[PDB]
Structures are given as C-alpha cells and as structure tokens.
Amino acid sequence: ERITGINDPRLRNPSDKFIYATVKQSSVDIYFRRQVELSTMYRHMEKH
Amino acid sequence: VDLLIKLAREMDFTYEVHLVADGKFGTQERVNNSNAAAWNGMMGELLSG
Amino acid sequence: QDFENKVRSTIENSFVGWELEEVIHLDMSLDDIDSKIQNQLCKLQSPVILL
C-alpha cells in the first residue's frame, strides 16, 4: 500500500503528488529536526 | 482528567486545572534573543511556576 | 563567551548535520609550566578548529 512502514519510497522520496506533514513546534517536530537523516522529511513537512 | 481526579482521590491533594496559553505542548526557543533561549508551552508553564 | 554562545546559538537552529566535539578554554593568566595547554589541546580530534 501507500505506506509500507516508517521507511517507504513514497515516504522517503517526497514526490509533489504525495504530501506528508506533522504539527510544527511539537515533539514530532523536534524528533524530525533532530536527525540529519530525517532532514529531508523535515524539509518536506516544514511547508505543509 | 479522570487520571488527575483518581490521583487526587489516592493522594489528598486537590487540583486547579487550566489550559495552556500558547496551545502547544512545549518547546525550547528564543524569538528575539540570540543569546539565551527559553521554554514555551506547558513545559514553560511548569518551569515558570 | 559571546563567541561560543553565538556559535552554539546559530548551530542550534541549523537543520544541517553540524557537530562540535569540544570547547576548550585555555588560561593565559598564569604561566604555562604543567603544560595544561598542551594536555588540553592534544585531546583534539575534529578537522576544523575555531581558535
């Protein structure tokens, strides 16, 4: 399916079609902003 | 709320409850100051007394 | 203090993978005999050092 787990091509590569996001200024935000691996995901979420 | 009420039942302490002002859980940041950073949110409410 | 706190301030909000391994303060108010400067500086690892 669309999400095969925490690690998925749709999740790993933020296509313009599939938009994933989270709540800014929260523990999730701190968690994604903490790791450099998740920095791409943070760049994808930051706008949405 | 039920957990807090049950805690107030087990432990004799009463409770005054209120919602946080910013509406966020907690974070550490400084808007206008590069020198020092401060907590905001319920965490900030806890550290501010 | 302003320098260190500034580097840490800017590096705090950086989304980049920034890492600073050590901050070493050498005391020049006293003459170097025990070679505490030597001992403190030899422990250094990182490729870039802000002096």
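This entry, as listed in the PDB, derives from X-ray crystallography and reports a resolution of 3.590 Å.

Now for the overall build of chain C. Within chain C, the regular secondary structure consists of 2 helices and 0 strands. For 51 residues, the compact-globule estimate of 2.2 N^0.38 gives 10 Å, and the C-alpha radius of gyration of chain C, at 14 Å, exceeds that figure by more than 25%. Viewed in the frame of its principal axes, chain C has a C-alpha envelope of about 45 × 25 × 10 Å.

Summing up its helical and strand segments, chain A has 3 helices and 0 strands in all. Walking chain A from its N terminus toward its C terminus, one meets helices and strands in the order α-α-α. With respect to the principal axes defined by its C-alpha atoms, chain A has extents near 30 × 20 × 15 Å.

Quick look at the packing of helix 2 (residues 27-34) of chain A against helix 3 (residues 39-47) of chain A now. Residues and elements named next belong to chain A. Relative to each other, helix 2 and helix 3 sit at 135°, their axes nearing to 7 Å. The angle between the axes of helix 2 and helix 3 places the two elements in the oblique class. In this structure, helix 2 contributes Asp 29, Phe 32 and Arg 33 to the contact, and helix 3 contributes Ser 39, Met 41, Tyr 42 and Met 45. Partitioning the contact of helix 2 with helix 3 into residue classes produces 4 nonpolar, 1 polar and 2 charged.

For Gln 25 of chain A, which is not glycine, the phi torsion reads 55° and is therefore positive. Mapped onto the elements of the fold, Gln 25 of chain A is located in the loop between helix 1 (9-12) and helix 2. Non-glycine residue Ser 35 of chain C carries a positive phi angle of around 65°. The topology assignment puts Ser 35 of chain C in the loop between helix 1 (2-12) and helix 2 (36-42).

Cut-offs and rules
Residues numbered from 1 in each chain as written, not as in the entry; some residues may be left out. Chains lettered and ligands numbered in written order. Part of a larger assembly, values for the part shown. Heavy atoms only, no water. Residues with missing side-chain atoms left out of burial classes, pairs and counts. Helix = DSSP H or I, 4+ residues; strand = E, 2+ residues; numbered from the N terminus. Rg over C-alpha atoms; globule rule 2.2 N^0.38 Å. Axes fitted to C-alpha atoms, helices over the stretch in contact; angles between N-to-C directions. Parallel < 35°, antiparallel > 145°, perpendicular 65-115°, else oblique. Contact = heavy atoms within 4.5 Å. Nonpolar A, V, L, I, M, F, W, Y, C, P; charged D, E, K, R; others polar.

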